[PDB]
Amino acid sequence: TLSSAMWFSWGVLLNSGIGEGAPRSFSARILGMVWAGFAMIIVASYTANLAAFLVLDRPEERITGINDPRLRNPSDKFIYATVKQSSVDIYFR
Amino acid sequence: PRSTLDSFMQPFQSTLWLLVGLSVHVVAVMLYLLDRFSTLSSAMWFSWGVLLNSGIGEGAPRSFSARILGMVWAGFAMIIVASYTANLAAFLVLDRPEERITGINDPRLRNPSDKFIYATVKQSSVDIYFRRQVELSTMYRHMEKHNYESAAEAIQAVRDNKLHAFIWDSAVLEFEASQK
Amino acid sequence: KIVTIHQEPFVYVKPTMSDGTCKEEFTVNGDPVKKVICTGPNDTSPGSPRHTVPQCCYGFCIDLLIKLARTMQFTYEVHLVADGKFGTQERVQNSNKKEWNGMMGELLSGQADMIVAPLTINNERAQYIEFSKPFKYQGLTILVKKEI
Amino acid sequence: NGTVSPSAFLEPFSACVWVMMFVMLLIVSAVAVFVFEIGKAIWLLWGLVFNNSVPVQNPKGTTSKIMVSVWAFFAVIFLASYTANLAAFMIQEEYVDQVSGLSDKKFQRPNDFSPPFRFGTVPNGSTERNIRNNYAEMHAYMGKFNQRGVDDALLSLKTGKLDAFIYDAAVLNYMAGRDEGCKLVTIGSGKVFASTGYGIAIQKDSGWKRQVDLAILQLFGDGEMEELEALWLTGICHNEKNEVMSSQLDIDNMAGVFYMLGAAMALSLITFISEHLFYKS
Amino acid sequence: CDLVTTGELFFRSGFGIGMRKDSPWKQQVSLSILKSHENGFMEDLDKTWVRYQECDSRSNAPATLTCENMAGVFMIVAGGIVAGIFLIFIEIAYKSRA
Ligand SMILES: *[C@@H]1O[C@H](CO)[C@@H](O[C@@H]2O[C@H](CO)[C@@H](O)[C@H](O)[C@H]2NC(C)=O)[C@H](O)[C@H]1NC(C)=O
C-alpha cells in the first residue's frame, strides 16, 4: 500500500480498474473519496470541453445582403462589384 | 418556461424502456442458451448489471463467441449511456421558439388581428407621434379601441393576460418588468 | 437567327474535335445529350482578331431552343455576340444619338431573330423588345469565399 | 418529432476511427503477450472500450498494466468522442419527414403504405387543373379528400384530419408566416411544381398590355416591391436554416441500433453452432 | 465548395426569349413555355443540369468527424505501447537483477 497507493490513485484518475486494494484509514479514505470526486469532475471537464469541440461555430460571414452596412459604405477593405455593362448595373443606374 | 425536470422519464419514451429491460432479459436468456448448448441465473445477473455498469462482478461468459455476443451487448450499453447523454442535450440547449415582439416592424403588429391586442394610453404623447404619419394610419385607425387611461392599468391588464401588448416609453417599462 | 453569349450555367463552348464534330457523351442520368454547332470568336479579349469559327455548344437554354423546334418547326442558325457582354445603352462619341450594342444591338440592327439567354427583364428593353412569360425565376445575390 | 438519427451519427464522429479501433486493438492484444514475458486481452482492453464490465482480473504485469493505462487514456478519450457525438445530436436536425416531391414515389401510390395516407386540394384548382395533367390517378384518389375553404383545411392539418395539402406556393408562404405557433411549412426548401406566377391579365386583344407591362416593370424599377412584401409577405416563422430541436428523447431509430445489436447476437448464434460443429474434429 | 450564396434574395426577376419589337412569334413561344411548365419538363431541365449537386449545401455544418484527432490520441497510445516494450525490458532487467 506504499507504491500500490499512488498506483491506486493514478488508476483512479484513469478509472481503468487497476484494482489492487484500498486506503485503510477511514478519514484518508474520505480524502481519496473527494479525490475520485474531483476525478469525475475532470471527466465532466472533458465533456464540456467536447461541447466546445462541437457546438458554437465561428462568427458571422457578413454578406447579410443588400442592406449590409459593409456594402453601404465602400471601403478599400472589401471589394464588391459586377460585370462591366451588366443589366444588373442597369438596375443600379 | 415549460422546460425542467421530468427526471428519469424525460430522457426516453416508454417503448424504449420496454426495449431496454425486456430485450435485456432476452439477450440474457440468449447468453444462458450459449451456456447450456455446449453461470445460469448469475448470467442474466451479469448482463443486467452490465447495462447497469455497476460492477456486480460475479464472473464472465466462458464461450468465446458468446463472450463476443456480450461484448457487442456492452457496446450497445455504452450506446444507451450516450443515448442518455444526447437526451440530456435535449434536456438543456435549444429552448422553445420565438416570442415574436420583434419590434415596430413585426408583421404581427403590421396587420391588426383580433388575435393580438397592442395599444397605448388614451391621449398618449406616444399616440401623438402615431397621429401624423402615413404608415401607421392603419394602426392608429386600429388603436383607438382598447387604449387605457393609466399605463399602470395596462401593466395590470396584460399582467392578467387581458392585453397582448402595450406601447409606452422604454425606460419606465424596463423599470416595470425589472420589478416583476 | 439566334444569338447568345458564353455563360456558365447555360452556354458551354468547346471546339469541334476534328471538324464540326462534337464528342457524343451521356449524362449522369444517362441521357443522350443533344448538342449543336455554334458560331462565335474565341477571343474574349478586347482589341484582338475577331475571326469566327463554329465551335460546339450545348446547354440548358440550347435544350429550350430544341423544345421550340419540336414545337415550332423551322430552320435556325446560332451565334454569339460580337463582344463578351450582354449590352447597355449609350450614344456615339459625337452628336449623341441614342444607340445600343450587344445582343440587344444585333437584334435592333436585325443581325438576328432570336436572343436565347438568361435575359434580365427590365423596364427599358421592353420599350423596345417583346417579352414572353418567364422561363425561370432568378434574382440578385452576392458571392464570397467560404469561411476557412 | 425526430429526427432520423440512428446512432450512426456517432459513426460520423468516428467512421474509420472504429476500423483503427479494431486494428490497433489487436495491436494491444499483441502488446499483452509482448509485455507479458489470449482472450484475456479481449476482455481487458475491450473492457476499456467502455465502463468496466468483464470481472476478469487485471494482468499482474507492471509494464503490462501501464499499457492498460495507455488504453485507459484511449478509453476516456473515446468516451469524449461519444460526448461530441451526442453533441452531433444537439445540432444536426434534418427536419425532414414526408418531403419528397410533386412527382415523387412516396405520394405516387396511395394504397402502397400501411396507414391510410391522404392529401389533396380544393376543387377547381388552377394548380389542380394542372395536377390532372400531372397524373390522373392522383386527381382520382384525391377526389375523396377535396375540401371547401383554405382555413378549415389548415385546421384539419393541425388537428390531423389530413396529412398534407396541395396548393400554390402563395398561401403556403404567407399562411406559413402567420400562425399562432410556428408549426407548418411546405415540404422541402420551397421546390415548386408548375413554375408560374401571379400577374394581372386584362381584356384580350388590347394595347394596354405593353403599357401596364412597362408599368410593373418600373415597379421593380423602384424596387418598391420590396416595400410591398415588407407590408405583407414578411414572415415571423421559418428561417429554416435553424434546425429547431426535439425532446422526450424518443428514438425508434436508435432502437434500430438495438436491432443491430440483437441481430449481431443472432450472428453470434450462427458462429456459435458453427464452432460447436468445430468440436467434432 | 469554395463559395456560398448571399444571405437574402432580392430584385425579383426572370428569363424569357429575346425577340424584337412586334412579331407574332411572342405568343406562340411563351404559350409553349407554359406548355412546358404545365409539366415537369423544366424540373427535368434541372435533372439535366441544375440538379447535379457537386458539393454539399450551404451548411456551415453542425458537425462531422474524420480520423485526425483519433490519429493523434491513438498515436500516443501505440507509440506508448512500444515505449512500454522498451521500458518493459528495462524494468524487467532492473527487477531481474534487483
Ligand atoms: C367548383 O366548381 C364546380 C363547378 O365547376 C362547382 O360545382 C357546383 O357546386 C354547387 C355547390 O357545391 C352546386 O350547387 C352546383 O350545381 C355545382 N355545379 C356544377 C357544374 O358542378 C363547385 O361548387 C366549385 N367548388 C366550390 C367549393 O364551390
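Screening residue D:41 against (1) buried (at least 17 other Cβ atoms within 10 Å of the Cβ); (2) facing another protein chain (nearest Cβ under 8 Å) leaves a single unmet condition, (2). Counting only helices (runs of 4 or more DSSP H) that sit wholly inside chain E, those with at least 3 residues that are more than 7 Å from every other protein chain (Cβ to nearest Cβ), aliphatic (A, V, I, L, M) and within 30 Å of residue D:34 (Cβ to Cβ) are E:69-97.
Selection within region D:117-127: residues that are more than 29 Å from the chain's Cα centre (by Cα) and farther than 17 Å from residue D:154 by Cα. The member of this set that is nearest to the ligand (Cβ to nearest atom) is D:124. Taking residues in region A:62-82 that are among the aromatic types (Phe, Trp, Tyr), and partners anywhere that are in a loop (DSSP other than H, G, I, E, B), the pairs with Cβ atoms closer than 7 Å and at least 6 places apart or on different chains are A:80/C:142. Across region C:95-136, the qualifying residues are those that are in a strand (DSSP E or B) and under 26 Å from residue C:38 (Cβ atoms), and the one among them that is farthest from the other protein chains (Cβ to nearest Cβ) is C:100.
Within region C:75-94, the set of residues being under 22 Å from residue C:55 (Cα atoms) and part of a loop (DSSP other than H, G, I, E, B) comprises C:75, C:76, C:77, C:81, C:82, C:83, C:84, C:85, C:86. For region D:187-195, the condition holds for at least one residue, the condition being that it is more than 16 Å from the ligand (Cβ to nearest atom), of a type outside the set (S, T, N, Q), buried (at least 17 other Cβ atoms within 10 Å of the Cβ) and within 19 Å of residue D:240 (Cβ to Cβ). Restricting the search to helices (runs of 4 or more DSSP H) fully inside region B:126-180 and requiring at least 3 residues that are of a type in the set (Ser, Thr, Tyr) gives B:137-143. Determine whether residue B:63 is surrounded by 16 or more Cβ atoms within 10 Å (Cβ to Cβ), touching a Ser or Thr at 6+ places or on another chain (Cβ under 9 Å) and among the hydroxyl-bearing types (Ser, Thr, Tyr). Considered against the rule, which asks whether it is surrounded by 16 or more Cβ atoms within 10 Å (Cβ to Cβ), touching a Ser or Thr at 6+ places or on another chain (Cβ under 9 Å) and among the hydroxyl-bearing types (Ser, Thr, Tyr), residue B:63 comes out as yes. Does any residue of region D:149-171 turn out to be away from the ligand (no atom under 16 Å from the Cβ), more than 24 Å from residue E:47 (Cβ to Cβ), within 13 Å of another protein chain (Cβ to nearest Cβ) and surrounded by 15 or more Cβ atoms within 10 Å (Cβ to Cβ)? Scanning region D:149-171 turns up no residue that is away from the ligand (no atom under 16 Å from the Cβ), more than 24 Å from residue E:47 (Cβ to Cβ), within 13 Å of another protein chain (Cβ to nearest Cβ) and surrounded by 15 or more Cβ atoms within 10 Å (Cβ to Cβ).
Yes/no per residue for (1) among the aliphatic types (A, V, I, L, M); (2) away from chain E (no Cβ under 14 Å); (3) crowded, with 19+ Cβ neighbours inside 10 Å; (4) not in a helix (DSSP H, G or I):
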| position | (1), (2), (3), (4) |
| --- | --- |
| C:10 | no, no, yes, yes |
| C:28 | yes, no, no, yes |
| C:56 | no, yes, no, yes |
| C:73 | no, no, no, yes |
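Please specify each residue of region D:77-104 satisfying the condition of being in a loop (DSSP other than H, G, I, E, B) and of a type outside the set (D, E, K, R). Selection gives D:91, D:92, D:95, D:96, D:98, D:99, D:100, D:101, D:102, D:103.
Give me a count of the residues in region D:222-281 that are closer than 30 Å to residue E:11 by Cβ and either β-branched (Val, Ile, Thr) or not in a helix (DSSP H, G or I) (or both). Within region D:222-281, residues that are closer than 30 Å to residue E:11 by Cβ and either β-branched (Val, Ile, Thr) or not in a helix (DSSP H, G or I) (or both) number 14. When restricted to residues that are within 11 Å of chain D (Cβ to nearest Cβ) and part of a loop (DSSP other than H, G, I, E, B), region B:35-63 contains 12. Looking at region D:176-185, can you tell me whether even one residue there is loosely packed, with under 12 Cβ neighbours inside 10 Å, more than 16 Å from the ligand (Cβ to nearest atom) and within 14 Å of chain E (Cβ to nearest Cβ)? No, that holds for no residue.
Checking each residue in region C:110-129 for being under 17 Å from the mean Cα position of the chain (by Cα) and more than 30 Å from residue A:70 (Cα to Cα) picks out C:110, C:111, C:112, C:113, C:114, C:115, C:116, C:117, C:125, C:129. Scanning region D:131-141 for residues that are within 14 Å of the ligand (Cβ to nearest atom) and within 14 Å of chain E (Cβ to nearest Cβ) turns up at least one hit.
Listed by first and then second residue, the pairs with beta-carbon distance under 6 Å, at least 6 apart or on different chains, first residue in region D:111-126 and part of a strand (DSSP E or B), second within 11 Å of the ligand (Cβ to nearest atom), are D:120/D:146. Among the candidates D:201, D:194, D:215, the residue that is in a helix (DSSP H, G or I) and among the small types (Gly, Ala, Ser) is uniquely D:215.
Heads up, the Cβs are rebuilt from the backbone with ideal geometry, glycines too, and the neighbour counts pull from every protein chain shown. FYI, it's all coordinate maths here, none of it is from the lab.
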